[PDB]
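Each remark here refers to the structure printed beneath this line.
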Amino acid sequence: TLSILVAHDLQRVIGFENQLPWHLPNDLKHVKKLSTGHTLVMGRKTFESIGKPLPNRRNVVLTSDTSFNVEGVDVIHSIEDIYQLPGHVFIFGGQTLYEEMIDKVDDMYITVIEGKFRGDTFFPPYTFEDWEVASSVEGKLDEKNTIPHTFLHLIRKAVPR
Ligand SMILES: NC(=O)c1ccc[n+]([C@@H]2O[C@H](COP(=O)([O-])OP(=O)(O)OC[C@H]3O[C@@H](n4cnc5c(N)ncnc54)[C@H](OP(=O)(O)O)[C@@H]3O)[C@@H](O)[C@H]2O)c1
Ligand SMILES: CCC[C@H]1c2ccccc2C=NN1C(=O)/C=C/c1cc(Cc2cnc(N)nc2N)cc(OC)c1OC
């Protein structure tokens with residue numbers, strides 16, 4: 001399977017100054033649960049922002065940098081390389097990767113952050129006309145998680161007739 005994994009706000013902001021605009025531990029927990037034991041594909045900037053590989057899954061970084069070498073990280077230099085990765089592959093960001101992959105993925109795991117943040121990077125526009133809501137679950141709010149958010153699993157609709 002090839003899936004998008006992303007959190008975006010009400011205006012599709014995903015990032016600001018190479019960081020997530022929001023502090024929302026529950027979403028990182030969500031990401032962890034979905035991707036553990038599988039594969040994450042991310043652009044070079046997204047990787048540098050995280051700083052190191054995420055434990056207990058395959059970390060793949062797309063970059064044109066042929067000198068790129070990081071212990072625990074696998075490197076690719078082409079979008080086409082993604083299709084050769086075995087197992088469940090999650091497109092993990094950032095804007096460039098999403099733009100390149102949104103027309104190609106089977107489904108998307110989207111956390112809608114129910115707020116308006118300042119951003120400098122965005123998820124591409126999409127329409128629910130094209131995407132079936134396989135599930136929609138409200139995130140629980142509390143001390144550490146104070147921004148309303150919704151976990152969507154969207155699956156690409158087939159064009160019939
Ligand atoms: N809210 C979310 O769920 C979510 C998910 C992850 C990231 N984000 C965020 O998204 C932002 C960054 O997005 P971004 O677009 O500016 O950077 P990015 O997509 O993470 O990575 C950009 C880079 O990946 C490369 N790349 C992309 N396509 C390539 C291709 N076809 N062939 C070779 N290399 C390719 C390049 O690396 P080189 O320049 O080294 O060649 C490129 O400059 C941040 O603010 C960050 O925090 C948020
Ligand atoms: C609860 C544990 C936290 C932890 C972790 C620890 C150990 C092992 C695995 C993981 C799984 N991911 N975890 C992270 O810190 C990831 C953080 C992160 C991620 C994303 C990607 C992402 C962000 N959000 C969404 N919805 N999609 C996404 N694709 C982007 C980031 O910066 C731009 C991140 O840094 C803040």
Side-chain angles (χ1 to χ4, degrees), residues 1-70 72-85 88-105 107-126 135-140 142 145 147-154:
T1 312
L2 182 66
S3 310
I4 269 183
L5 182 51
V6 65
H8 75 63
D9 79 1
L10 294 164
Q11 290 168 331
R12 279 175 295 96
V13 163
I14 60 164
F16 185 64
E17 300 188 329
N18 291 320
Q19 303 281 114
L20 295 171
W22 41 82
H23 171 78
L24 193 59
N26 277 357
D27 194 39
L28 302 184
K29 177 173 67 75
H30 172 71
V31 162
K32 178 182 191 181
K33 198 188 173 88
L34 280 178
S35 62
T36 293
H38 305 287
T39 297
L40 301 180
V41 172
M42 69 196 85
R44 184 263 305 168
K45 296 186 181 181
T46 294
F47 175 74
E48 293 303 336
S49 168
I50 295 169
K52 70 178 51 175
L54 298 186
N56 305 319
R57 78 286 240 115
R58 185 182 193 181
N59 291 245
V60 178
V61 170
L62 178 57
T63 174
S64 64
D65 187 2
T66 61
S67 285
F68 195 91
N69 178 275
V70 179
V73 173
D74 296 337
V75 185
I76 52 171
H77 303 299
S78 178
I79 285 293
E80 303 304 301
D81 289 319
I82 293 173
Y83 306 111
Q84 270 58 74
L85 307 169
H88 197 170
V89 173
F90 293 88
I91 306 302
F92 203 66
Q95 172 167 339
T96 70
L97 253 308
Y98 295 134
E99 289 175 349
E100 298 174 281
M101 299 302 294
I102 190 167
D103 289 336
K104 307 284 167 46
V105 296
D107 59 349
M108 310 194 285
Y109 292 90
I110 298 192
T111 306
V112 178
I113 312 291
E114 313 275 355
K116 293 177 177 177
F117 294 73
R118 164 176 304 102
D120 58 21
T121 46
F122 288 71
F123 195 73
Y126 59 98
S135 64
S136 175
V137 181
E138 300 183 14
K140 299 289 175 68
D142 64 31
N145 302 263
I147 308 151
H149 54 288
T150 304
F151 302 113
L152 303 181
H153 181 203
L154 304 184

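We're numbering straight along the sequence, starting at 1. Both backbone and side-chain heavy atoms feed into the values below; hydrogens, waters and symmetry mates do not. Whatever order the structure lists ligands and atoms in, that order sets their numbers, starting from 1.
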Margin query: Evaluate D120 for polar contact with ligand 1, using N/O atom pairs at a separation under 3.5 Å.
Written below: no

Checklist line | ligand 1 to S78 polar contact by distance, N or O atoms, under 3.5 Å | finding: no

Do [X] and [Y] have side-chain heavy atoms sitting under 4.5 Å apart?
{"X": "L62", "Y": "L97", "value": "yes"}
{"X": "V137", "Y": "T150", "value": "no"}
{"X": "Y109", "Y": "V31", "value": "no"}
{"X": "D107", "Y": "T1", "value": "yes"}

Notebook entry, point to check: Is it true that the side chains of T111 and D27 contain a donor and an acceptor less than 3.5 Å apart?
Noted result: yes

Which of the listed options, [options], holds the heavy atom that is closest to [atom]?
{"atom": "atom 35 (C) of ligand 1", "options": "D9, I14, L62", "result": "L62"}
{"atom": "atom 7 (C) of ligand 1", "options": "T46, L5, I50", "result": "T46"}
{"atom": "atom 28 (C) of ligand 2", "options": "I4, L5, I110", "result": "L5"}
{"atom": "atom 5 (C) of ligand 2", "options": "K29, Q19, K32", "result": "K32"}
{"atom": "atom 13 (N) of ligand 2", "options": "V112, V6, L28", "result": "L28"}

Close-contact set for ligand 1 against [X] heavy atoms, below 4.0 Å:
{"X": "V6", "value": "2 (C), 3 (O)"}
{"X": "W22", "value": "1 (N)"}
{"X": "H77", "value": "32 (N), 33 (C)"}
{"X": "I79", "value": "31 (N)"}
{"X": "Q19", "value": "45 (O), 47 (O)"}
{"X": "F16", "value": "45 (O)"}
{"X": "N18", "value": "44 (C), 45 (O), 47 (O)"}
{"X": "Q95", "value": "13 (O), 14 (P), 15 (O), 19 (O)"}

Next item on the list: Take the angle between the ring planes of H8 and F123 and call it parallel below 30°, perpendicular above 60°, tilted in between.
Entry: parallel

When you measure from [atom] to every protein heavy atom, which one gives the shortest distance, and what is it?
{"atom": "atom 33 (C) of ligand 2", "value": "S49 OG, 3.7 Å"}
{"atom": "atom 24 (N) of ligand 2", "value": "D27 OD2, 3.3 Å"}
{"atom": "atom 23 (C) of ligand 2", "value": "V31 CG2, 4.0 Å"}
{"atom": "atom 36 (C) of ligand 2", "value": "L20 CD1, 3.7 Å"}
{"atom": "atom 10 (C) of ligand 2", "value": "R57 NH2, 3.3 Å"}
{"atom": "atom 22 (C) of ligand 2", "value": "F92 CZ, 3.9 Å"}
{"atom": "atom 34 (C) of ligand 2", "value": "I50 CG1, 3.8 Å"}

Within less than 4.0 angstrom of ligand 2, does [X] place any heavy atom?
{"X": "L54", "answer": "yes"}
{"X": "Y98", "answer": "yes"}
{"X": "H30", "answer": "no"}
{"X": "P55", "answer": "yes"}
{"X": "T46", "answer": "no"}

Notebook entry, point to check: Between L20 and ligand 1, which part of the residue brings a heavy atom under 4.0 Å of the ligand: side chain, backbone, both or neither?
Noted result: both

Next item on the list: Of the side chain and backbone of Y98, name the one, both, or neither that has a heavy atom under 4.0 Å from an atom of ligand 1.
Entry: side chain

Checklist line | Distance (rounded to the nearest 0.5 Å) between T96 OG1 and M42 CE | finding: 12.5 Å

Margin query: To the closest 0.5 Å, what do you measure between CG (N59) and CG (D74)?
Written below: 8.0 Å

If we only consider heavy atoms of [X], is any one of them less than 4.0 Å away from an atom in ligand 1?
{"X": "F68", "result": "no"}
{"X": "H8", "result": "no"}
{"X": "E100", "result": "yes"}

Check: Does the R12 side chain pair with the main chain of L10, one donor and one acceptor, at a distance under 3.5 Å?
Finding: no

Note to self: Strictly distance-based, threshold 3.5 Å: is any side-chain N or O of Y98 a donor or acceptor partner for the main-chain N or O of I4?
What the structure shows: no

Check: Are the aromatic rings of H153 and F151 close, with centres under 6.0 Å apart?
Finding: no

Check: Relative to ligand 2, is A7 under 4.0 angstrom through side chain, backbone, both or neither, heavy atoms considered?
Finding: both

Notebook entry, point to check: Under the criterion side chain to side chain contact (heavy atoms under 4.5 Å, CB included), which of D9, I113, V13 is the partner of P21?
Noted result: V13

Notebook entry, point to check: Is there a protein heavy atom less than 4.0 Å away from atom 23 (C) of ligand 1?
Noted result: yes

Margin query: Set out, in order, the CA-CA distance, both residues' side-chain angles and the distance that settles side chain to side chain donor-acceptor pair (under 3.5 Å) for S49 and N18, then state yes or no.
Written below: CA-CA 6 Å; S49 168; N18 291 320; over 6 Å; no

Next item on the list: Decide, yes or no, whether a salt bridge links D65 with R44 under the criterion of side-chain N to carboxylate O below 4.0 Å.
Entry: no

